[PDB]
Amino acid sequence: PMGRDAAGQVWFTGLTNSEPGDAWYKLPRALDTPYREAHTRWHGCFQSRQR
Amino acid sequence: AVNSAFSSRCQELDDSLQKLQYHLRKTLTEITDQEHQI
Amino acid sequence: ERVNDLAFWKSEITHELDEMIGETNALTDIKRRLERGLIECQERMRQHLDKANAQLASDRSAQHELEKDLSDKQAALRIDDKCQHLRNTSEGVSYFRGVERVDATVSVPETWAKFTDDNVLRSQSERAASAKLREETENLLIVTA
Amino acid sequence: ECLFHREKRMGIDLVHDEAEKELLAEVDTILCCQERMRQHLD
Amino acid sequence: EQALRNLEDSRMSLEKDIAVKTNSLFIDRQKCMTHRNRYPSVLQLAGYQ
Amino acid sequence: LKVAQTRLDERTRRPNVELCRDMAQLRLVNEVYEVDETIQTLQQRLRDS
Amino acid sequence: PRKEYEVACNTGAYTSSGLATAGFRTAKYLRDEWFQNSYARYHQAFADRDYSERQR
Amino acid sequence: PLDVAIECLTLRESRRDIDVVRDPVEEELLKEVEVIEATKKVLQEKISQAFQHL
Amino acid sequence: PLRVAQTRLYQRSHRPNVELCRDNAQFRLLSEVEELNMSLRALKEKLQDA
Amino acid sequence: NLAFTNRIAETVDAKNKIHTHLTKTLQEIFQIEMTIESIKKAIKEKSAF
Amino acid sequence: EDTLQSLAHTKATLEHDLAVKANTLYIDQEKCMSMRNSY
Amino acid sequence: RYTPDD
Amino acid sequence: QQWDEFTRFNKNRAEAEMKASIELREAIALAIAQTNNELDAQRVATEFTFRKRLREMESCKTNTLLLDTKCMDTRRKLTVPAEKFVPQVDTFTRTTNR
Amino acid sequence: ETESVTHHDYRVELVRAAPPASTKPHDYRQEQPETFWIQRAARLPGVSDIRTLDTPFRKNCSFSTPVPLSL
Amino acid sequence: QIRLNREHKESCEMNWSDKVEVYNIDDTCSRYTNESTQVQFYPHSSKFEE
Amino acid sequence: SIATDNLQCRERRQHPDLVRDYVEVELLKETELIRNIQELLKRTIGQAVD
C-alpha cells in the first residue's frame with residue numbers, strides 16, 4: 001500500500017519451497033502443487049536443448 | 001586497493017550497528033517509564 | 001529457436017496483463033457505489049474508501065514494468081527477426097571489422113526467464129488482494145445495510 | 001497517464017525538460033487547489 | 001497510549017534493521033577475505049622466473 | 001566469413017536485459033576463428049601448388 | 001519544488017537512479033541515499049522520544 | 001521464518017500487567033532461533049568445503 | 001457489438017511482419033470502442049436516476 | 001500544450017536530416033565498393049606483361 | 001577497405017539512432033492528441 | 001542522466 | 001620409468017578427485033533434506049503449543065486475544081503459497097503520530 | 001547610511017565561488033594522511049609486516065612469542 | 001545465372017506465401033456476425049505500432 | 001574466478017542494505033585488466049613461436 005498503510009512483508013519467489021520433480025508416486029498431483037507451467041514447461045525444452 | 005576499500009566499508013557498518021544498540025537500550029527504558037506513567 | 005521462446009513468452013505476458021484490466025474496472029465500480037453510500041460507519045466507509053483508493057494507484061503502479069518489459073523485448077525481436085532473415089549474398093552484408101572478442105552482457109537465460117516470472121508473480125498476487133478487498137466492502141455494506 | 005506514457009522512451013532519449021517540469025507543476029497546483037476547496041468546504 | 005504505540009513501532013523497526021545489518025555483516029565478514037586468502041604470490045604470477 | 005560476422009555484430013544493440021550471452025555469439029566467434037585458420041591452410045596449399 | 005530540485009540534482013554523464021513519475025526505484029542504492037535514509041530513520045525515533053516526554 | 005519469529009517476539013512485548021508470565025511458547029520460539037543458527041553454521045561449512053574442492 | 005469489435009481487433013493483431021498494416025479501420029474500431037464506452041456509462045448513470 | 005508542440009517540431013526536423021544523411025551514405029558506399037573491384041580488375045592485366 | 005570500414009561504422013551508428021528517434025515520435029503522437037483534446 | 005544540451 | 005610414473009600419478013589423482021566430487025554432492029543433498037524436515041517438525045510443535053494457548057484464554061483479556069489472533073495469522077505465510085497469502089487481521093492503522 | 005566606506009569602497013565580488021571539488025569522497029574520522037613512507041610502505045627499511053588493512057604501521061607481534069608463550 | 005534466378009524465385013515465393021496466409025485468415029474471419037459464437041471480450045490495449 | 005565469486009557474494013545481500021561503491025567498480029577494473037593481460041600473453045607467445 002502506498003499511503004497511510006505500508007507493510008514490509010517479504011513475499012517468497014517460489015523456487016525451492018516446492019517439489020517440481022515428478023514420479024509415479026507424485027502423479028496424484030494435489031491441487032496445492034505450485035506448478036505454474038511458465039518455468040516447468042520452459043524447463044522441459046531448456047534441459048532438452050542443454051542435453 | 002580492493003582489500004583496503006573493503007576494510008573501510010565494514011568498519012563503517014560496525015559503527016552503524018553500535019549506534020543502533022545505543023538507541024535500543026534507551027528505547028526500552030523510555031517504554032518502561034511511559035508504561036509506568038500510563 | 002530463440003525467437004520462438006520470445007513469442008511463447010510474450011503470449012504469457014499478453015495474457016497476464018489482461019486480467020488486471022477487468023480487475024481494475026470492477027474495482028472502480030465498487031468505489032462509485034461507496035460514495036453513493038456516503039450520499040445514501042460513515043467514518044468506516046471513508047476509511048475503507050481511502051484504503052480502496054490507495055489500492056487503485058497500486059494496480060497501475062504494478063502495470064508500469066509490464067509495459068516496460070513488453071516494449072523493450074519486441075525491439076529486440078526486430079533485431080532477431082532481421083538476423084533471422086539475414087541471408088548470404090544479401091544487401092546489408094558488409095565487412096565491419098574488430099568487434100568479435102567483445103562482451104559486456106548480464107544474462108544467463110534461465111535468469112532472464114525468472115525475472116520475467118518475478119514481475120508476473122508479483123502481479124497476480126496483487127490481483128488476488130484486490131479481489132478480497134472488494135468482498136469485505138459488500139459484506140461491510142450489507143452489515144452497513 | 002500522460003506522464004506514464006512519457007517514460008516509455010529509452011536510450012539517449014531520456015532528456016528531462018520544461019514539459020516534464022510543467023506536468024509536475026500542474027500536478028502540484030491541482031493538489032493544492034483541491035486542498036483549498038476542501039478547507040473552504042469545511 | 002497512542003504515543004506508546006508509536007514507540008513500539010519505532011522499536012520493532014529498530015530490531016528489524018538490527019537483524020538486516022547483522023546478516024549483512026556476517027556475510028561480508030565471513031566469505032570475502034577467507035576466500036581471498038588464496039591469492040597467488042608475485043613470483044608464481046611471474047611464472048617461477 | 002563475411003556473412004557470419006554480419007550476423008555477429010548487430011546483436012550488441014540489444015537494450016538492458018534482453019542483452020544475452022548465447023550459444024549464438026559464442027558458436028559464431030568459434031566459427032569465425034575456425035574459418036580464419038582454414039583460409040591460412042588453403043593459402044599454404046596454394047603456395048605448394 | 002523539492003522533486004524538480006532532486007531530479008535536476010543528478011542528470012549528468014554519470015550513472016543516475018531510477019526515480020521517475022511513478023513505479024519504484026530499482027533496489028540498487030547509492031551512498032548518499034543510504035546515508036540520508038539512515039539519518040531520517042535516526043532522527044524519527046529520537047524525536048518520538050521527546051514527543052512522549054513532553055507529555056511526561 | 002526467523003523474521004516471523006522475531007516479529008512475533010516483538011509483538012509479545014505488548015503484554016500487560018499480570019499477563020506478563022513465562023510461557024512455554026516463548027521457549028519454543030527460542031529453540032527455533034538456535035536451531036536456525038545451527039543450520040546456518042552447517043550449510044556455511046558445506047559451502048566452504050565445496051569451494052575449496054572446486 | 002463491443003465484444004465483436006474487440007474480437008475483430010484481437011484477430012487483426014496477428015499479421016506477420018510487414019503485413020501488419022495501419023489503416024483507417026483501426027481508427028474506426030477505436031472510435032466505436034470509445035463511443036460504446038460513452039453509451040455504456042450513460043446508461044449506467046441513467047440507471048441510478050431510474 | 002505549447003511546450004509539447006515545440007518538442008514535436010524540433011524532433012521532426014532532426015529525423016528528416018538523419019534520413020537524408022543515411023541515403024547519401026548508402027549511395028557513397030556503393031561508389032566505394034565499385035571502385036574497389038575496378039582496382040581488383042586492373043591488377044591481373046598489370047601482372048600479365 | 002579501411003576507409004570503407006569507417007563508412008560502415010558510421011552507417012550502423014545513424015541507422016540505429018533513427019530507430020529510437022522514430023520510437024519517440026510515435027510515442028508522442030500516440031500520447032498527446034489521444035488524452036488531451038479539450039476540457 | 002541527460003541534459004538537453006548534449 | 002618417468003613416463004609411466006607421472007602418467008599413473010596424474011591418473012590416480014584424477015580418479016580420487018572425481019570420487020570426492022560424488023561423495024560431497026551426496027552429503028549436500030542429505031544435509032538439505034534433513035534440515036528442512038527438522039525445521040518443519042519443530043514448526044508443527046510451535047503451532048500445537050499456540051493452539052493450546054488459545055484454548056486456555058478462551059477458557060486486557062480482549063487485548064491478549066487480539067494479539068493472539070494477529071500473531072496467529074502470521075504463521076500461515078510459512079506454508080500457504082505466496083501467490084495467495086495476504087494478511088487478514090488488523091489493517092486498521094492506529095498509529096498516527098507520523 | 002552604509003556600514004562604512006572601507007566595506008563599500010573595497011568590496012569586490014563575482015569571484016570564483018565554492019572550493020575546488022574533492023574529486024573523491026573523504027571522511028575525517030579514520031582516514032590517515034599518506035606519506036613518502038606510506039606510498040612506498042613495502043619498500044622501506046623500518047616497516048613491519050603488511051597484514052593489517054587501513055594501517056600498515058602495525059607491529060606483527062608474532063615471532064616475539066616463545067614456546068611457553070606462543071599462541 | 002542459375003543461382004541468382006533461383007534465389008530471386010525463393011524470395012518472391014516467400015512474400016507470396018505470406019500474402020496467402022494473411023488473406024486466408026482475413027476471409028475466414030470475415031464470416032462473423034453480431035449474434036454469433038467465436039466472439040470474446042478482449043481487453044487488449046491498442047498498442048500495435050512500432 | 002575469485003573476483004566473479006566475490007561479485008556474486010556481494011550481490012547476495014538484503015533489501016534495506018545494498019549499495020554501489022568502490023568495491024564493485026574496482027572488481028570490474030580487475031576483471032578487465034585480467035582479460036586484457038590474457039589476450040596480450042596469447043599474442044606474445046604467438047610471435048615467440050614464429
# chains A, B, ... in the order shown; residues from 1 in each chain; ligands from 1
$ residues_around --residues "residue 23 in chain O" --least-positions-apart "3" --cutoff "12 Å" --atoms "only C-alpha atoms" --output "list in words"
residues 12, 14, 15, 16, 19 and 20 of chain I; 16, 17, 18, 19, 20, 26, 27, 28, 29 and 30 of chain O
$ residues_around --residues "residue 5 in chain C" --least-positions-apart "5" --cutoff "12 Å" --atoms "only C-alpha atoms" --output "number ranges by chain"
A: 38-39, 41-43, 45-46; C: 10-12, 73, 77, 80, 109-110, 112-113
$ write_last_selection --atoms "N, CA and C atoms" --output "PDB file, in the first residue's frame"
ATOM      1  N   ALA A  38       4.974 -21.898 -16.565  1.00  0.00           N
ATOM      2  CA  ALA A  38       5.963 -20.983 -17.121  1.00  0.00           C
ATOM      3  C   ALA A  38       7.369 -21.567 -17.086  1.00  0.00           C
ATOM      4  N   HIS A  39       7.895 -21.810 -15.886  1.00  0.00           N
ATOM      5  CA  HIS A  39       9.235 -22.374 -15.787  1.00  0.00           C
ATOM      6  C   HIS A  39       9.254 -23.844 -16.184  1.00  0.00           C
ATOM      7  N   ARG A  41       7.320 -25.951 -18.036  1.00  0.00           N
ATOM      8  CA  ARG A  41       7.232 -26.238 -19.462  1.00  0.00           C
ATOM      9  C   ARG A  41       8.449 -25.696 -20.194  1.00  0.00           C
ATOM     10  N   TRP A  42       8.884 -24.488 -19.832  1.00  0.00           N
ATOM     11  CA  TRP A  42      10.102 -23.946 -20.420  1.00  0.00           C
ATOM     12  C   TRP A  42      11.318 -24.759 -20.004  1.00  0.00           C
ATOM     13  N   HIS A  43      11.341 -25.234 -18.754  1.00  0.00           N
ATOM     14  CA  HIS A  43      12.458 -26.054 -18.298  1.00  0.00           C
ATOM     15  C   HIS A  43      12.576 -27.326 -19.120  1.00  0.00           C
ATOM     16  N   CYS A  45      11.966 -27.916 -22.453  1.00  0.00           N
ATOM     17  CA  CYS A  45      12.745 -27.661 -23.660  1.00  0.00           C
ATOM     18  C   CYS A  45      14.135 -27.131 -23.338  1.00  0.00           C
ATOM     19  N   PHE A  46      14.285 -26.392 -22.236  1.00  0.00           N
ATOM     20  CA  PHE A  46      15.591 -25.860 -21.869  1.00  0.00           C
ATOM     21  C   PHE A  46      16.582 -26.989 -21.614  1.00  0.00           C
TER      22      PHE A  46
ATOM     23  N   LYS C  10       5.902 -13.736 -24.749  1.00  0.00           N
ATOM     24  CA  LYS C  10       5.036 -12.567 -24.873  1.00  0.00           C
ATOM     25  C   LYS C  10       3.571 -12.954 -24.710  1.00  0.00           C
ATOM     26  N   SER C  11       3.198 -14.138 -25.202  1.00  0.00           N
ATOM     27  CA  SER C  11       1.823 -14.601 -25.059  1.00  0.00           C
ATOM     28  C   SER C  11       1.442 -14.735 -23.592  1.00  0.00           C
ATOM     29  N   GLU C  12       2.357 -15.253 -22.772  1.00  0.00           N
ATOM     30  CA  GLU C  12       2.125 -15.318 -21.334  1.00  0.00           C
ATOM     31  C   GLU C  12       1.926 -13.922 -20.759  1.00  0.00           C
ATOM     32  N   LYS C  73      11.388  -5.739 -25.175  1.00  0.00           N
ATOM     33  CA  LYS C  73      11.637  -7.068 -25.723  1.00  0.00           C
ATOM     34  C   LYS C  73      11.370  -7.100 -27.224  1.00  0.00           C
ATOM     35  N   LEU C  77      13.164  -8.247 -30.840  1.00  0.00           N
ATOM     36  CA  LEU C  77      12.593  -9.092 -31.887  1.00  0.00           C
ATOM     37  C   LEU C  77      12.857  -8.520 -33.273  1.00  0.00           C
ATOM     38  N   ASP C  80      16.329  -9.616 -33.857  1.00  0.00           N
ATOM     39  CA  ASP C  80      16.402 -11.064 -34.030  1.00  0.00           C
ATOM     40  C   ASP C  80      15.809 -11.492 -35.365  1.00  0.00           C
ATOM     41  N   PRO C 109      20.342 -17.378 -19.587  1.00  0.00           N
ATOM     42  CA  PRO C 109      18.924 -17.413 -19.995  1.00  0.00           C
ATOM     43  C   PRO C 109      17.900 -17.722 -18.912  1.00  0.00           C
ATOM     44  N   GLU C 110      18.161 -18.734 -18.083  1.00  0.00           N
ATOM     45  CA  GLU C 110      17.207 -19.083 -17.034  1.00  0.00           C
ATOM     46  C   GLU C 110      17.022 -17.936 -16.050  1.00  0.00           C
ATOM     47  N   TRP C 112      17.129 -14.633 -16.934  1.00  0.00           N
ATOM     48  CA  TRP C 112      16.220 -13.726 -17.629  1.00  0.00           C
ATOM     49  C   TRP C 112      14.778 -14.206 -17.530  1.00  0.00           C
ATOM     50  N   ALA C 113      14.569 -15.513 -17.698  1.00  0.00           N
ATOM     51  CA  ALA C 113      13.218 -16.059 -17.650  1.00  0.00           C
ATOM     52  C   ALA C 113      12.568 -15.816 -16.295  1.00  0.00           C
TER      53      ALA C 113
END
$ interface_residues --of "chain C" --to "chain O" --cutoff "9 Å" --atoms "only C-alpha atoms" --output "PyMOL selection string"
chain C and resi 14+17-19+21-22+74-75
$ select_by_dssp --residues "chain E" --states "helix (DSSP H, G or I)" --output "PyMOL selection string"
chain E and resi 2-36+42-45
$ residues_around --residues "residue 54 in chain G" --least-positions-apart "5" --cutoff "12 Å" --atoms "only C-alpha atoms" --output "ChimeraX atom specification"
/B:34 /E:3 /G:47-49
$ write_last_selection --atoms "N, CA, C and O atoms" --output "PDB file, in the first residue's frame"
ATOM      1  N   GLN B  34       7.210   5.158  30.291  1.00  0.00           N
ATOM      2  CA  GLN B  34       5.920   5.592  29.769  1.00  0.00           C
ATOM      3  C   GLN B  34       4.807   4.673  30.250  1.00  0.00           C
ATOM      4  O   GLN B  34       3.701   5.128  30.558  1.00  0.00           O
TER       5      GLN B  34
ATOM      6  N   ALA E   3       1.023   7.349  21.724  1.00  0.00           N
ATOM      7  CA  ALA E   3       2.467   7.546  21.700  1.00  0.00           C
ATOM      8  C   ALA E   3       3.198   6.248  22.014  1.00  0.00           C
ATOM      9  O   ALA E   3       4.246   5.960  21.428  1.00  0.00           O
TER      10      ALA E   3
ATOM     11  N   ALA G  47      13.071  11.904  17.828  1.00  0.00           N
ATOM     12  CA  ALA G  47      12.029  12.907  18.022  1.00  0.00           C
ATOM     13  C   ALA G  47      10.812  12.311  18.716  1.00  0.00           C
ATOM     14  O   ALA G  47      10.132  12.994  19.488  1.00  0.00           O
ATOM     15  N   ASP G  48      10.502  11.046  18.432  1.00  0.00           N
ATOM     16  CA  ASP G  48       9.391  10.400  19.126  1.00  0.00           C
ATOM     17  C   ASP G  48       9.637  10.354  20.630  1.00  0.00           C
ATOM     18  O   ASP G  48       8.701  10.479  21.432  1.00  0.00           O
ATOM     19  N   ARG G  49      10.899  10.176  21.027  1.00  0.00           N
ATOM     20  CA  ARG G  49      11.245  10.136  22.446  1.00  0.00           C
ATOM     21  C   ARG G  49      10.789  11.397  23.174  1.00  0.00           C
ATOM     22  O   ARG G  49      10.018  11.333  24.141  1.00  0.00           O
TER      23      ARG G  49
END
$ atom_distance --atom1 "CA of residue 34 in chain A" --atom2 "CA of residue 12 in chain A"
12.2 Å
$ closest_atom_pairs --of "chain D" --to "chain K" --cutoff "8 Å" --atoms "only C-alpha atoms" --output "CSV"
residue,atom,partner,partner_atom,distance
D:2,CA,K:31,CA,6.5
D:5,CA,K:31,CA,6.7
D:6,CA,K:27,CA,7.6
D:8,CA,K:27,CA,7.9
D:9,CA,K:24,CA,6.1
D:10,CA,K:20,CA,7.6
D:11,CA,K:20,CA,7.2
D:13,CA,K:24,CA,7.5
$ write_last_selection --atoms "C-alpha atoms" --output "CSV table (one decimal), in the first residue's frame"
chain,number,residue,atom,x,y,z
D,2,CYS,CA,0.4,11.2,-20.0
D,5,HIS,CA,3.4,7.2,-21.4
D,6,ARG,CA,6.2,9.8,-21.3
D,8,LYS,CA,8.4,4.5,-22.0
D,9,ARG,CA,11.2,6.1,-24.2
D,10,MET,CA,14.8,5.0,-23.7
D,11,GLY,CA,18.4,5.5,-25.0
D,13,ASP,CA,16.0,10.0,-25.4
$ interface_residues --of "chain C" --to "chain K" --cutoff "9 Å" --atoms "only C-alpha atoms" --output "short mmCIF file (atom, residue, chain, number, x, y, z; two decimals) with C-alpha atoms, in the first residue's frame"
data_model
loop_
_atom_site.label_atom_id
_atom_site.label_comp_id
_atom_site.auth_asym_id
_atom_site.auth_seq_id
_atom_site.Cartn_x
_atom_site.Cartn_y
_atom_site.Cartn_z
CA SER C 94 29.32 -5.81 -45.31
CA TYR C 95 32.82 -6.08 -43.88
CA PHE C 96 32.69 -4.49 -40.45
CA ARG C 97 35.88 -5.34 -38.56
#
$ closest_residue --among "P:10, P:16, P:3, P:21" --to "chain N" --atoms "only C-alpha atoms"
P:21
$ interface_residues --of "chain G" --to "chain L" --cutoff "12 Å" --atoms "only C-alpha atoms" --output "ChimeraX atom specification"
/G:7-20
$ interface_residues --of "chain C" --to "chain A" --cutoff "9 Å" --atoms "only C-alpha atoms" --output "number ranges by chain"
C: 5, 9, 12, 50-51, 54-55, 57-58, 110, 113-114, 117-118, 121-122
$ write_last_selection --atoms "N, CA, C and O atoms" --output "tab-separated table (two decimals), in the first residue's frame"
chain	number	residue	atom	x	y	z
C	5	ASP	N	11.03	-18.77	-28.35
C	5	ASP	CA	11.00	-18.56	-26.91
C	5	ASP	C	10.36	-17.22	-26.58
C	5	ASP	O	9.60	-17.09	-25.61
C	9	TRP	N	6.92	-16.39	-24.70
C	9	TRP	CA	6.95	-15.56	-23.50
C	9	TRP	C	5.97	-14.40	-23.59
C	9	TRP	O	5.27	-14.10	-22.62
C	12	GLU	N	2.36	-15.25	-22.77
C	12	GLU	CA	2.13	-15.32	-21.33
C	12	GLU	C	1.93	-13.92	-20.76
C	12	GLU	O	1.00	-13.68	-19.98
C	50	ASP	N	-10.66	5.31	1.36
C	50	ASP	CA	-9.26	5.65	1.20
C	50	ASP	C	-8.41	4.40	1.02
C	50	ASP	O	-7.48	4.38	0.20
C	51	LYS	N	-8.72	3.35	1.78
C	51	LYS	CA	-7.98	2.10	1.66
C	51	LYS	C	-8.12	1.51	0.27
C	51	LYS	O	-7.14	1.05	-0.33
C	54	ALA	N	-6.24	3.85	-2.34
C	54	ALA	CA	-4.80	3.62	-2.37
C	54	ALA	C	-4.46	2.38	-3.18
C	54	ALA	O	-3.40	2.33	-3.83
C	55	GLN	N	-5.33	1.38	-3.16
C	55	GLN	CA	-5.11	0.18	-3.97
C	55	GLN	C	-5.22	0.49	-5.45
C	55	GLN	O	-4.56	-0.13	-6.28
C	57	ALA	N	-4.24	3.12	-7.24
C	57	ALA	CA	-2.97	3.57	-7.81
C	57	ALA	C	-1.96	2.43	-7.86
C	57	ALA	O	-1.15	2.35	-8.80
C	58	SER	N	-1.97	1.56	-6.86
C	58	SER	CA	-1.00	0.47	-6.80
C	58	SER	C	-1.15	-0.47	-7.99
C	58	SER	O	-0.15	-1.01	-8.49
C	110	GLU	N	18.16	-18.73	-18.08
C	110	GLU	CA	17.21	-19.08	-17.03
C	110	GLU	C	17.02	-17.94	-16.05
C	110	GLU	O	15.94	-17.78	-15.47
C	113	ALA	N	14.57	-15.51	-17.70
C	113	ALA	CA	13.22	-16.06	-17.65
C	113	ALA	C	12.57	-15.82	-16.30
C	113	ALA	O	11.39	-15.44	-16.22
C	114	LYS	N	13.32	-16.02	-15.21
C	114	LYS	CA	12.72	-15.87	-13.89
C	114	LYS	C	12.42	-14.41	-13.57
C	114	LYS	O	11.39	-14.11	-12.95
C	117	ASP	N	9.32	-13.89	-14.77
C	117	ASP	CA	8.37	-14.53	-13.87
C	117	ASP	C	8.17	-13.73	-12.59
C	117	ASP	O	7.05	-13.65	-12.08
C	118	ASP	N	9.24	-13.13	-12.07
C	118	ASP	CA	9.12	-12.35	-10.83
C	118	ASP	C	8.14	-11.20	-11.00
C	118	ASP	O	7.31	-10.94	-10.12
C	121	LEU	N	4.83	-12.84	-11.05
C	121	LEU	CA	4.44	-13.42	-9.76
C	121	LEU	C	3.94	-12.35	-8.80
C	121	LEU	O	3.01	-12.58	-8.02
C	122	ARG	N	4.57	-11.17	-8.82
C	122	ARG	CA	4.08	-10.06	-8.01
C	122	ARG	C	2.71	-9.60	-8.50
C	122	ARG	O	1.85	-9.21	-7.69
$ closest_atom_pairs --of "chain M" --to "chain G" --cutoff "12 Å" --atoms "only C-alpha atoms" --output "Markdown table"
| residue | atom | partner | partner_atom | distance |
| --- | --- | --- | --- | --- |
| M:96 | CA | G:48 | CA | 11.8 |
| M:97 | CA | G:48 | CA | 8.4 |
| M:98 | CA | G:44 | CA | 9.0 |
$ write_last_selection --atoms "C-alpha atoms" --output "PDB file, in the first residue's frame"
ATOM      1  CA  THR M  96      -0.934   8.318  13.900  1.00  0.00           C
ATOM      2  CA  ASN M  97       1.955  10.463  15.211  1.00  0.00           C
ATOM      3  CA  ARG M  98       3.682  10.386  11.800  1.00  0.00           C
TER       4      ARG M  98
END
$ atom_distance --atom1 "CA of residue 48 in chain I" --atom2 "CA of residue 143 in chain C"
21.9 Å
$ residues_around --residues "range 21-29 of chain B" --least-positions-apart "2" --cutoff "8 Å" --atoms "only C-alpha atoms" --output "ChimeraX atom specification"
/B:17-19,31-33 /E:7,11,14 /G:49
$ residues_around --residues "range 7-12 of chain H" --least-positions-apart "2" --cutoff "9 Å" --atoms "only C-alpha atoms" --output "ChimeraX atom specification"
/E:8,11-12,15-16 /H:2-5,14-15,26,29 /M:67,71,74
$ interface_residues --of "chain J" --to "chain C" --cutoff "12 Å" --atoms "only C-alpha atoms" --output "JSON, numbers by chain"
{"J": [26, 29, 30, 33]}
$ closest_atom_pairs --of "chain B" --to "chain N" --cutoff "10 Å" --atoms "only C-alpha atoms" --output "Markdown table"
| residue | atom | partner | partner_atom | distance |
| --- | --- | --- | --- | --- |
| B:1 | CA | N:53 | CA | 9.7 |
| B:3 | CA | N:53 | CA | 7.1 |
| B:4 | CA | N:53 | CA | 5.6 |
| B:5 | CA | N:54 | CA | 8.3 |
| B:6 | CA | N:53 | CA | 9.0 |
| B:7 | CA | N:53 | CA | 6.4 |
| B:8 | CA | N:54 | CA | 7.1 |
| B:11 | CA | N:30 | CA | 9.5 |
| B:12 | CA | N:30 | CA | 9.6 |
$ write_last_selection --atoms "N, CA and C atoms" --output "compact mmCIF listing (two decimals), in the first residue's frame"
# COMPACT_ATOMS: atom_id res chain seq x y z
N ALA B 1 44.43 -2.37 -3.24
CA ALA B 1 43.43 -1.32 -3.05
C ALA B 1 42.04 -1.90 -2.80
N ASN B 3 41.37 -4.63 -1.11
CA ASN B 3 41.30 -5.03 0.29
C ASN B 3 41.10 -3.81 1.20
N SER B 4 41.83 -2.73 0.91
CA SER B 4 41.70 -1.53 1.75
C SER B 4 40.27 -1.00 1.74
N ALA B 5 39.66 -0.89 0.55
CA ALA B 5 38.30 -0.36 0.47
C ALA B 5 37.32 -1.24 1.24
N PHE B 6 37.47 -2.56 1.11
CA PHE B 6 36.56 -3.47 1.81
C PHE B 6 36.64 -3.27 3.32
N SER B 7 37.87 -3.14 3.84
CA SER B 7 38.04 -2.92 5.28
C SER B 7 37.33 -1.65 5.73
N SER B 8 37.50 -0.56 4.96
CA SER B 8 36.86 0.69 5.34
C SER B 8 35.34 0.53 5.42
N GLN B 11 34.13 -1.44 8.50
CA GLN B 11 34.23 -0.67 9.74
C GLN B 11 33.08 0.33 9.86
N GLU B 12 32.73 1.00 8.75
CA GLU B 12 31.60 1.93 8.79
C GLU B 12 30.32 1.21 9.23
